[PDB]
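> 3D model of this:
(chains A and B)
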Amino acid sequence: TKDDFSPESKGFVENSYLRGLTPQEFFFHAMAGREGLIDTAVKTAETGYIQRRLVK
DNA sequence: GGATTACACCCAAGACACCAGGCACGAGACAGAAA
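Residues are numbered from 1 along each chain as shown, chains lettered A, B, ... in the order given. Take a look at the structure below.
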C-alpha cells in the first residue's frame, strides 16, 4: 500500500539463505547485488586512471 | 575550447576505386562489278 515505511516494505530480508527468500525480498536483494556489480565495474577504470597518473 | 576516461586475452564477420565514354587497331561481309 502507499506510504508504507515498515521494514519489509523497504528492503529488509527477514529470512536466511537456508530458509529462502520471498519474491519481494528476492527482488530487493537483486537490486542491491546489481548495485554492487555496477560499482565494481565502474570504479575499476577510475582507479586504473589514478594509478597511471601516479606512476607517471 | 580542449582533452581524456584500467589491463590483458579470444573469436567471428563484412568492406576494401568503380566506371563510362571517347579514342585506336584490326577485321570481315555482303555487295560492287568486270567477265
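> ok, which stretches of chain A are strands?
Counting by DSSP state E, chain A has no strands at all.
> Quick one: name the residues of it near DNA strand B.
Counting by CB under 7 Å from any atom of the strand, the residues of chain A close to DNA strand B are A:41, A:44, A:45, A:48, A:49, A:52. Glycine gets a C-beta too; all of them are placed from N, C-alpha and C.
> Now flag whichever of those residues is closest to residue A:23.
Using CB to CB, residue A:41 comes nearest to residue A:23 of these, at 26.8 Å.
> Now chain A against DNA strand B: closest residue?
Of all residues in chain A, residue A:48 sits closest to DNA strand B, at 2.4 Å by CB to the nearest atom of the strand.
> And the residue nearest the centre of chain A?
With distances taken as CA atoms, centre = their mean, residue A:32 lies nearest the centre of chain A, 2.1 Å away.
> isn't that residue right up against residue A:11?
Yes. Assessed by CB atoms under 8 Å, residue A:32 is found in contact with residue A:11 at 7.5 Å.
> Contacts only, for the residue nearest to the centre of chain A.
Contacts for residue A:32 (CB atoms under 8 Å, 6 or more residues apart in numbering) come out as residue A:11.
> quick one: it from residue A:9, how far?
16 Å (CB to CB, to the nearest Å).
> next one: residue A:46
From residue A:46 across to residue A:9, the span is 35 Å (CB to CB).
> which one of those two has more residues nearby?
Neighbour count, other CB atoms under 10 Å: between residue A:46 and residue A:9, residue A:9 has more, with 12 against 9.
> Just give me the neighbour total for the residue of chain A closest to DNA strand B.
Residues near residue A:48, counting by other CB under 10 Å, number 10.
> same deal with the one 5 residues further on?
The tally of other residues near residue A:53 (other CB under 10 Å) stands at 8.
> cool, residue A:11 as well?
A total of 13 residues lie near residue A:11 under the criterion other CB under 10 Å.
> Does it touch residue A:26 like I think?
No. Between residue A:11 and residue A:26 there is no contact under CB under 8 Å: 11.2 Å.
> Good, wrapping up.
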